[PDB]
file input-v3.txt (compact mmCIF, C-alpha atoms and all ligand atoms)
# COMPACT_ATOMS: atom_id res chain seq x y z
CA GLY H 325 0.00 0.00 0.00
CA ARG H 326 1.12 3.56 0.70
CA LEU H 327 0.42 4.52 4.35
CA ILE H 328 1.24 3.06 7.76
CA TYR H 329 -1.94 3.14 9.85
CA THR H 330 -1.74 3.09 13.64
CA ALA H 331 -4.92 2.35 15.59
CA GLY H 332 -5.70 2.59 19.28
CA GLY H 333 -3.02 2.25 21.93
CA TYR H 334 -2.56 3.29 25.55
CA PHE H 335 -1.35 6.34 27.48
CA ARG H 336 -2.96 6.65 30.95
CA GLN H 337 -6.02 5.00 29.41
CA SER H 338 -6.90 3.11 26.24
CA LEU H 339 -7.07 5.31 23.14
CA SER H 340 -9.26 5.63 20.05
CA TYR H 341 -6.77 7.29 17.68
CA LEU H 342 -6.47 6.29 14.07
CA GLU H 343 -3.60 8.08 12.36
CA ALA H 344 -1.77 7.35 9.12
CA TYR H 345 1.90 8.05 8.37
CA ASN H 346 3.25 8.61 4.84
CA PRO H 347 6.90 7.47 4.54
CA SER H 348 7.19 9.29 1.22
CA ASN H 349 6.78 12.77 2.76
CA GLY H 350 6.89 12.49 6.57
CA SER H 351 3.29 13.62 7.13
CA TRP H 352 0.77 12.32 9.65
CA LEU H 353 -3.01 12.40 9.24
CA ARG H 354 -5.56 12.05 12.04
CA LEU H 355 -8.46 9.88 10.83
CA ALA H 356 -11.79 8.77 12.30
CA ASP H 357 -11.59 7.54 15.89
CA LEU H 358 -12.30 3.93 16.72
CA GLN H 359 -15.84 3.54 18.04
CA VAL H 360 -14.43 1.99 21.23
CA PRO H 361 -11.06 2.84 22.83
CA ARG H 362 -8.75 -0.16 22.94
CA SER H 363 -5.12 -1.02 23.61
CA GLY H 364 -3.51 -4.38 23.12
CA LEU H 365 -5.29 -4.85 19.82
CA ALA H 366 -3.87 -5.91 16.45
CA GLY H 367 -4.29 -4.44 12.99
CA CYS H 368 -4.23 -6.16 9.59
CA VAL H 369 -5.45 -5.47 6.05
CA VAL H 370 -7.53 -7.65 3.71
CA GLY H 371 -8.72 -6.46 0.29
CA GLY H 372 -7.72 -2.89 1.04
CA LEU H 373 -9.91 -2.73 4.16
CA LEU H 374 -8.20 -2.19 7.50
CA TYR H 375 -9.26 -4.34 10.46
CA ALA H 376 -8.91 -3.78 14.20
CA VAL H 377 -9.09 -6.97 16.26
CA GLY H 378 -9.43 -7.59 19.94
CA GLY H 379 -7.71 -5.63 22.69
CA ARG H 380 -9.11 -4.05 25.86
CA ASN H 381 -10.67 -0.80 26.92
CA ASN H 382 -8.72 0.37 29.99
CA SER H 383 -10.84 3.26 31.21
CA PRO H 384 -11.85 5.08 34.41
CA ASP H 385 -15.37 3.71 33.86
CA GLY H 386 -13.93 0.18 33.95
CA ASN H 387 -11.96 -2.43 32.00
CA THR H 388 -13.48 -4.53 29.21
CA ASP H 389 -11.60 -7.03 27.10
CA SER H 390 -12.68 -6.88 23.49
CA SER H 391 -13.91 -9.64 21.21
CA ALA H 392 -14.53 -6.99 18.58
CA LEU H 393 -13.60 -6.95 14.91
CA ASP H 394 -13.99 -3.53 13.34
CA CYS H 395 -13.42 -2.59 9.75
CA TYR H 396 -12.19 0.76 8.38
CA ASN H 397 -12.67 1.70 4.71
CA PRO H 398 -10.08 4.29 3.61
CA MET H 399 -12.39 5.44 0.81
CA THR H 400 -15.14 6.49 3.25
CA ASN H 401 -13.06 7.14 6.38
CA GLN H 402 -15.67 5.22 8.40
CA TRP H 403 -15.50 2.30 10.81
CA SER H 404 -18.13 -0.46 10.64
CA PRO H 405 -18.60 -3.32 13.13
CA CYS H 406 -17.90 -6.81 11.81
CA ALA H 407 -18.73 -10.11 13.46
CA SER H 408 -17.26 -10.54 16.92
CA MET H 409 -14.88 -13.35 17.79
CA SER H 410 -15.92 -16.24 20.01
CA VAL H 411 -14.06 -14.79 22.99
CA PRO H 412 -12.42 -11.50 24.11
CA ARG H 413 -8.68 -11.41 23.24
CA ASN H 414 -6.57 -8.70 24.87
CA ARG H 415 -2.92 -8.60 23.82
CA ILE H 416 -3.79 -10.60 20.70
CA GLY H 417 -1.77 -11.45 17.62
CA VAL H 418 -3.16 -11.68 14.09
CA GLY H 419 -2.02 -12.89 10.68
CA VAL H 420 -3.67 -13.03 7.27
CA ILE H 421 -3.53 -16.08 4.96
CA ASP H 422 -5.40 -16.40 1.67
CA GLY H 423 -7.73 -13.55 2.53
CA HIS H 424 -8.58 -14.94 5.97
CA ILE H 425 -7.70 -13.42 9.31
CA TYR H 426 -6.30 -15.59 12.10
CA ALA H 427 -6.80 -14.41 15.68
CA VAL H 428 -4.29 -15.97 18.04
CA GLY H 429 -4.11 -16.16 21.80
CA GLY H 430 -4.66 -13.13 24.03
CA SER H 431 -6.23 -12.79 27.47
CA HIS H 432 -9.74 -12.44 28.84
CA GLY H 433 -9.46 -11.52 32.52
CA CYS H 434 -7.12 -14.08 34.07
CA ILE H 435 -7.72 -16.53 31.18
CA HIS H 436 -4.74 -16.92 28.87
CA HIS H 437 -5.92 -18.33 25.55
CA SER H 438 -4.29 -21.10 23.54
CA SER H 439 -7.29 -20.91 21.19
CA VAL H 440 -7.23 -19.69 17.59
CA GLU H 441 -10.00 -18.68 15.24
CA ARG H 442 -10.29 -17.70 11.59
CA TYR H 443 -12.39 -14.94 10.00
CA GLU H 444 -13.76 -15.13 6.44
CA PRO H 445 -14.66 -11.65 5.18
CA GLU H 446 -16.83 -13.06 2.39
CA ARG H 447 -19.16 -14.58 4.99
CA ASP H 448 -18.56 -12.21 7.95
CA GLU H 449 -18.04 -15.25 10.20
CA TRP H 450 -15.45 -16.67 12.57
CA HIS H 451 -14.67 -20.34 13.19
CA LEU H 452 -12.30 -21.93 15.68
CA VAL H 453 -9.32 -23.96 14.46
CA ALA H 454 -6.83 -26.10 16.34
CA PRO H 455 -5.41 -24.35 19.43
CA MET H 456 -1.76 -23.60 19.89
CA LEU H 457 0.32 -26.00 21.96
CA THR H 458 0.93 -23.13 24.41
CA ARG H 459 -1.21 -20.43 25.94
CA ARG H 460 0.14 -17.12 24.68
CA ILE H 461 -0.77 -13.50 25.35
CA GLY H 462 1.39 -10.68 24.10
CA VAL H 463 2.21 -13.07 21.26
CA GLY H 464 3.85 -12.00 18.04
CA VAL H 465 2.27 -13.34 14.87
CA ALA H 466 3.56 -13.39 11.30
CA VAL H 467 2.81 -15.19 8.02
CA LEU H 468 5.44 -16.51 5.63
CA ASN H 469 4.86 -18.84 2.67
CA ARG H 470 1.25 -19.34 3.83
CA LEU H 471 2.32 -20.68 7.19
CA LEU H 472 1.35 -18.93 10.46
CA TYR H 473 3.85 -18.41 13.27
CA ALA H 474 3.17 -17.60 16.94
CA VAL H 475 6.21 -16.20 18.75
CA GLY H 476 6.88 -15.60 22.40
CA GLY H 477 4.38 -14.09 24.83
CA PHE H 478 3.15 -15.04 28.30
CA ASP H 479 1.41 -18.32 29.13
CA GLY H 480 0.01 -17.24 32.51
CA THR H 481 3.07 -18.06 34.60
CA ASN H 482 6.22 -17.50 32.49
CA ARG H 483 7.27 -15.26 29.64
CA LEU H 484 8.39 -17.32 26.67
CA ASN H 485 11.17 -17.67 24.14
CA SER H 486 9.25 -20.55 22.53
CA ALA H 487 7.57 -20.34 19.12
CA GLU H 488 5.34 -22.57 17.00
CA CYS H 489 3.95 -22.85 13.49
CA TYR H 490 0.45 -23.59 12.19
CA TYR H 491 0.00 -25.71 9.06
CA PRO H 492 -3.45 -24.90 7.67
CA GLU H 493 -3.98 -27.90 5.42
CA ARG H 494 -3.26 -30.15 8.41
CA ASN H 495 -4.96 -27.98 11.03
CA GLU H 496 -1.98 -28.68 13.21
CA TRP H 497 0.48 -26.68 15.32
CA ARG H 498 4.16 -27.64 15.72
CA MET H 499 6.96 -26.10 17.78
CA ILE H 500 9.85 -24.44 15.91
CA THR H 501 13.29 -23.51 17.25
CA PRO H 502 12.93 -21.18 20.24
CA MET H 503 14.29 -17.66 20.15
CA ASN H 504 17.56 -16.83 21.85
CA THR H 505 15.64 -14.39 24.08
CA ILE H 506 12.50 -14.46 26.20
CA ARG H 507 10.12 -11.92 24.66
CA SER H 508 6.58 -10.94 25.65
CA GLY H 509 4.89 -8.07 23.84
CA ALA H 510 7.42 -7.87 21.04
CA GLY H 511 6.86 -6.74 17.50
CA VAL H 512 6.85 -9.68 15.05
CA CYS H 513 6.79 -9.38 11.26
CA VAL H 514 8.15 -10.96 8.09
CA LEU H 515 10.81 -9.64 5.73
CA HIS H 516 12.24 -11.65 2.83
CA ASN H 517 12.49 -15.22 4.19
CA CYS H 518 12.81 -14.47 7.90
CA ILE H 519 10.50 -13.93 10.88
CA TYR H 520 11.69 -10.89 12.84
CA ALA H 521 11.14 -10.44 16.58
CA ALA H 522 11.99 -6.93 17.86
CA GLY H 523 11.90 -5.69 21.41
CA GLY H 524 9.51 -7.03 24.02
CA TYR H 525 9.84 -7.77 27.73
CA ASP H 526 11.99 -10.63 29.02
CA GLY H 527 10.69 -10.63 32.62
CA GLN H 528 13.09 -7.99 33.96
CA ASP H 529 13.84 -5.46 31.22
CA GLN H 530 12.44 -3.93 28.08
CA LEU H 531 14.51 -5.05 25.07
CA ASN H 532 16.12 -3.25 22.16
CA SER H 533 17.46 -6.51 20.71
CA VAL H 534 16.19 -7.89 17.43
CA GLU H 535 16.49 -11.44 16.09
CA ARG H 536 15.21 -13.30 13.05
CA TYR H 537 14.26 -16.83 12.10
CA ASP H 538 15.26 -18.28 8.75
CA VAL H 539 12.63 -20.87 7.85
CA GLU H 540 15.15 -22.76 5.70
CA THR H 541 17.88 -23.07 8.33
CA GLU H 542 15.58 -23.05 11.39
CA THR H 543 18.00 -20.81 13.31
CA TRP H 544 17.54 -17.48 15.08
CA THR H 545 20.22 -14.81 14.51
CA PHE H 546 20.49 -11.41 16.17
CA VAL H 547 20.66 -8.36 13.92
CA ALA H 548 21.50 -4.79 14.93
CA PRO H 549 19.48 -3.59 17.96
CA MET H 550 16.89 -0.83 17.92
CA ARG H 551 17.91 2.60 19.20
CA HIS H 552 15.29 2.38 21.97
CA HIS H 553 14.29 -0.47 24.24
CA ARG H 554 10.55 -1.17 23.70
CA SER H 555 7.78 -3.49 24.79
CA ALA H 556 4.18 -3.33 23.49
CA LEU H 557 5.41 -1.76 20.24
CA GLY H 558 3.62 -1.68 16.93
CA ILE H 559 5.47 -3.09 13.92
CA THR H 560 4.96 -3.39 10.21
CA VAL H 561 6.84 -3.71 6.87
CA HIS H 562 6.71 -1.08 4.13
CA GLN H 563 8.82 -1.28 0.95
CA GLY H 564 11.35 -3.75 2.27
CA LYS H 565 11.94 -2.07 5.64
CA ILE H 566 10.66 -2.75 9.14
CA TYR H 567 8.97 0.14 10.99
CA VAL H 568 8.50 0.01 14.77
CA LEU H 569 6.07 2.39 16.44
CA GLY H 570 5.91 3.51 20.02
CA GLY H 571 5.95 1.20 23.01
CA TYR H 572 7.14 1.48 26.60
CA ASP H 573 10.85 1.72 27.49
CA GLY H 574 10.58 1.36 31.26
CA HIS H 575 10.34 5.14 31.73
CA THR H 576 8.36 6.82 28.92
CA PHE H 577 5.56 5.89 26.54
CA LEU H 578 7.48 6.38 23.33
CA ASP H 579 6.49 8.45 20.33
CA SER H 580 9.61 7.24 18.49
CA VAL H 581 9.23 5.51 15.13
CA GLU H 582 12.34 3.64 13.94
CA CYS H 583 13.03 2.11 10.54
CA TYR H 584 15.31 -0.87 9.86
CA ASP H 585 17.18 -1.21 6.56
CA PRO H 586 18.22 -4.88 6.23
CA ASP H 587 20.84 -4.23 3.52
CA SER H 588 22.84 -1.91 5.82
CA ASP H 589 21.73 -3.65 9.06
CA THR H 590 20.96 -0.25 10.62
CA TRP H 591 18.06 1.40 12.40
CA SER H 592 17.29 5.09 12.06
CA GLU H 593 14.59 7.34 13.53
CA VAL H 594 12.23 8.40 10.76
CA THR H 595 9.44 10.34 12.54
CA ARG H 596 7.56 10.67 15.82
CA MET H 597 3.94 9.79 16.50
CA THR H 598 1.82 12.71 17.60
CA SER H 599 1.90 11.44 21.21
CA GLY H 600 3.67 8.63 23.04
CA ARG H 601 1.64 5.42 23.41
CA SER H 602 2.02 1.65 23.67
CA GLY H 603 -0.10 -1.34 22.61
CA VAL H 604 -1.12 -0.05 19.18
CA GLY H 605 -2.33 -2.03 16.18
CA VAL H 606 -0.56 -1.31 12.87
CA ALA H 607 -1.07 -2.19 9.22
CA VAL H 608 -0.41 -0.84 5.73
CA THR H 609 -2.93 0.02 3.01
CA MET H 610 -3.89 2.74 0.51
CA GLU H 611 -4.28 6.39 1.44
CA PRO H 612 -7.81 7.62 2.26
CA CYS H 613 -10.20 10.14 0.69
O1 LIG T 1 4.39 -8.26 30.36
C1 LIG T 1 4.06 -9.09 29.56
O2 LIG T 1 4.49 -10.21 29.65
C2 LIG T 1 3.16 -8.72 28.50
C3 LIG T 1 2.24 -9.51 27.88
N1 LIG T 1 1.58 -8.84 26.96
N2 LIG T 1 2.06 -7.56 26.98
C4 LIG T 1 1.48 -6.59 26.13
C5 LIG T 1 1.46 -6.81 24.77
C6 LIG T 1 0.89 -5.87 23.93
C7 LIG T 1 0.33 -4.72 24.44
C8 LIG T 1 0.36 -4.51 25.80
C9 LIG T 1 0.94 -5.43 26.65
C10 LIG T 1 3.00 -7.45 27.95
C11 LIG T 1 3.72 -6.22 28.24
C12 LIG T 1 4.24 -5.39 27.11
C13 LIG T 1 5.19 -6.15 27.95
call {"tool": "encode", "arguments": {"input": "input-v3.txt", "output": "structure tokens", "more": "lines below"}}
Ligand SMILES: O=C(O)c1cnn(-c2ccccc2)c1C1CC1
result
Amino acid sequence: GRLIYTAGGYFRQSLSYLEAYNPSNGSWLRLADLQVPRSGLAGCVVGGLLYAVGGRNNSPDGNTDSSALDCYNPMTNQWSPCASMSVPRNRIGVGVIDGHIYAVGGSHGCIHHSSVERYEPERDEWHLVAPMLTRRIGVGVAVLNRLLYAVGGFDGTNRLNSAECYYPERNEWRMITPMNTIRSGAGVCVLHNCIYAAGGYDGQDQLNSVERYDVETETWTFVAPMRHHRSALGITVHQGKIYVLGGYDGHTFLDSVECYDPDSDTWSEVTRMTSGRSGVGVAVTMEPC
């Protein structure tokens, strides 16, 4: 697409912001608020529509985990409700395969989900699939070669360096090589043939380290670290580069947006969000009207 969309997030309370960043010219646009404030959600794009999935409304009025799926049409600049998931999923991960959205893990109160469900836009309907082998909240999710990966997170008792892979034609989950680092609330994405895991929380510290999984060799290798330690960051890929957005560094809710160039193995700061925040959902699609 053309723009990096950031939805929701958290600073003092859950937020309703939708804003879109244009890497070509450095500009930010403020777009139509989410109907319901939510942090800990995930964003993804199917057929040019942007989707916001799950999360939680942390508010003075109270705290409500979200089963919601909402859809934003850049042409109209309007949000519409879509079918809700079977269960609320705060701190969810999502991935898209063959036009279908997979919702993975997340929490509902003290329940840490291993369950997974799949949305079909053509029918506006969700169906459960096989659960992960591990309960995971704050899980990173990415798709590569039409396989779905769940990376890290928190199972209820321990933060995790473990990861696993879902094979749709077999409806089966299998463990892959674990990361070299425990990461909960990291940013996970795909670039070229590798699954990237940036930042997160290892139980004691927010991380600036980044590592990547080569599906051919099944090994994790560290690359250059981010300039800022971050957990609960947003992440996405745009024209061959990874962008990380916001997060919490142990002291400040970050407005920093960093960009990773894999040919030079360097990060640089490319812009700042209009306000520091963590727990955003991020995806890339066309510019609005
Ligand atoms: O502390 C954890 O283990 C954990 C689990 N999920 N998330 C999270 C993930 C996304 C958004 C907000 C929070 C966290 C904290 C960010 C570290």
call {"tool": "closest_residue", "arguments": {"input": "input-v3.txt", "among": "H:558, H:433, H:361, H:405", "to": "ligand LIG 1 (chain T)", "atoms": "all atoms listed in the file"}}
result
H:558
call {"tool": "residues_near_ligand", "arguments": {"input": "input-v3.txt", "ligand": "ligand LIG 1 (chain T)", "cutoff": "6 Å", "atoms": "only C-alpha atoms and all ligand atoms", "output": "list in words"}}
result
residues 364, 415, 461, 462, 477, 478, 483, 508, 509, 524, 525, 555, 556 and 603 of chain H
call {"tool": "residues_near_point", "arguments": {"input": "input-v3.txt", "point": "(-11.3, -8.3, 16.9)", "cutoff": "8 Å", "atoms": "all atoms listed in the file", "output": "list in words"}}
result
residues 365, 366, 375, 376, 377, 378, 379, 390, 391, 392, 393, 394, 408, 409, 412, 413 and 427 of chain H
call {"tool": "atom_distance", "arguments": {"input": "input-v3.txt", "atom1": "CA of residue 349 (chain H)", "atom2": "CA of residue 612 (chain H)"}}
result
15.5 Å
call {"tool": "closest_residue", "arguments": {"input": "input-v3.txt", "among": "H:513, H:449, H:492, H:430", "to": "residue 465 (chain H)", "atoms": "all atoms listed in the file"}}
result
H:513
call {"tool": "residues_around", "arguments": {"input": "input-v3.txt", "residues": "residue 422 (chain H)", "least_positions_apart": "5", "cutoff": "12 Å", "atoms": "only C-alpha atoms", "output": "list in words"}}
result
residues 369, 370, 371, 442, 443, 444, 445, 446, 467, 468, 469, 470, 471, 472 and 492 of chain H
call {"tool": "decode", "arguments": {"input": "input-v3.txt", "residues": "region 521-538 of chain H", "atoms": "N, CA, C and O atoms", "output": "mmCIF file, in the first residue's frame"}}
result
data_model
loop_
_atom_site.group_PDB
_atom_site.id
_atom_site.type_symbol
_atom_site.label_atom_id
_atom_site.label_comp_id
_atom_site.auth_asym_id
_atom_site.auth_seq_id
_atom_site.Cartn_x
_atom_site.Cartn_y
_atom_site.Cartn_z
ATOM 1 N N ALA H 521 11.674 -10.718 15.253
ATOM 2 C CA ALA H 521 11.137 -10.437 16.582
ATOM 3 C C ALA H 521 11.947 -9.290 17.185
ATOM 4 O O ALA H 521 13.136 -9.469 17.474
ATOM 5 N N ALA H 522 11.308 -8.132 17.392
ATOM 6 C CA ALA H 522 11.988 -6.931 17.856
ATOM 7 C C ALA H 522 11.454 -6.556 19.225
ATOM 8 O O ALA H 522 10.241 -6.562 19.443
ATOM 9 N N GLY H 523 12.354 -6.183 20.126
ATOM 10 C CA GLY H 523 11.905 -5.686 21.414
ATOM 11 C C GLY H 523 11.138 -6.725 22.229
ATOM 12 O O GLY H 523 11.311 -7.956 22.091
ATOM 13 N N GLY H 524 10.253 -6.215 23.087
ATOM 14 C CA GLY H 524 9.508 -7.034 24.017
ATOM 15 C C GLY H 524 10.052 -6.899 25.428
ATOM 16 O O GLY H 524 10.915 -6.061 25.725
ATOM 17 N N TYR H 525 9.520 -7.759 26.305
ATOM 18 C CA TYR H 525 9.839 -7.766 27.731
ATOM 19 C C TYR H 525 10.274 -9.185 28.076
ATOM 20 O O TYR H 525 9.616 -10.154 27.676
ATOM 21 N N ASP H 526 11.416 -9.317 28.753
ATOM 22 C CA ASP H 526 11.986 -10.631 29.022
ATOM 23 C C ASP H 526 11.743 -11.093 30.450
ATOM 24 O O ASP H 526 12.291 -12.125 30.855
ATOM 25 N N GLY H 527 10.925 -10.361 31.215
ATOM 26 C CA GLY H 527 10.694 -10.631 32.615
ATOM 27 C C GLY H 527 11.318 -9.609 33.548
ATOM 28 O O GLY H 527 10.798 -9.391 34.648
ATOM 29 N N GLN H 528 12.404 -8.964 33.124
ATOM 30 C CA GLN H 528 13.090 -7.987 33.959
ATOM 31 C C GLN H 528 13.316 -6.660 33.243
ATOM 32 O O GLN H 528 13.296 -5.606 33.877
ATOM 33 N N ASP H 529 13.499 -6.676 31.931
ATOM 34 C CA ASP H 529 13.843 -5.460 31.218
ATOM 35 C C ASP H 529 13.110 -5.378 29.890
ATOM 36 O O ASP H 529 12.831 -6.394 29.250
ATOM 37 N N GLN H 530 12.827 -4.151 29.464
ATOM 38 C CA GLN H 530 12.436 -3.935 28.079
ATOM 39 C C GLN H 530 13.658 -4.106 27.192
ATOM 40 O O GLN H 530 14.762 -3.743 27.582
ATOM 41 N N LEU H 531 13.445 -4.625 25.982
ATOM 42 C CA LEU H 531 14.506 -5.052 25.075
ATOM 43 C C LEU H 531 14.629 -4.091 23.893
ATOM 44 O O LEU H 531 13.620 -3.605 23.361
ATOM 45 N N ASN H 532 15.871 -3.843 23.461
ATOM 46 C CA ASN H 532 16.125 -3.251 22.157
ATOM 47 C C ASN H 532 16.652 -4.269 21.159
ATOM 48 O O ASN H 532 16.782 -3.945 19.969
ATOM 49 N N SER H 533 16.896 -5.504 21.595
ATOM 50 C CA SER H 533 17.459 -6.509 20.708
ATOM 51 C C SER H 533 16.453 -6.975 19.665
ATOM 52 O O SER H 533 15.235 -6.970 19.867
ATOM 53 N N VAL H 534 16.985 -7.362 18.521
ATOM 54 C CA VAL H 534 16.190 -7.887 17.431
ATOM 55 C C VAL H 534 16.825 -9.183 16.927
ATOM 56 O O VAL H 534 18.052 -9.272 16.798
ATOM 57 N N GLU H 535 15.998 -10.194 16.669
ATOM 58 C CA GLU H 535 16.486 -11.443 16.087
ATOM 59 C C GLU H 535 15.508 -11.958 15.040
ATOM 60 O O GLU H 535 14.351 -11.535 14.977
ATOM 61 N N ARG H 536 15.984 -12.874 14.204
ATOM 62 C CA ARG H 536 15.214 -13.296 13.047
ATOM 63 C C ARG H 536 15.425 -14.776 12.727
ATOM 64 O O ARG H 536 16.534 -15.331 12.835
ATOM 65 N N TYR H 537 14.334 -15.396 12.299
ATOM 66 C CA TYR H 537 14.257 -16.831 12.104
ATOM 67 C C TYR H 537 14.233 -17.114 10.615
ATOM 68 O O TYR H 537 13.318 -16.669 9.911
ATOM 69 N N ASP H 538 15.229 -17.852 10.142
ATOM 70 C CA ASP H 538 15.262 -18.279 8.751
ATOM 71 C C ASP H 538 14.529 -19.614 8.639
ATOM 72 O O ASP H 538 14.951 -20.614 9.235
#
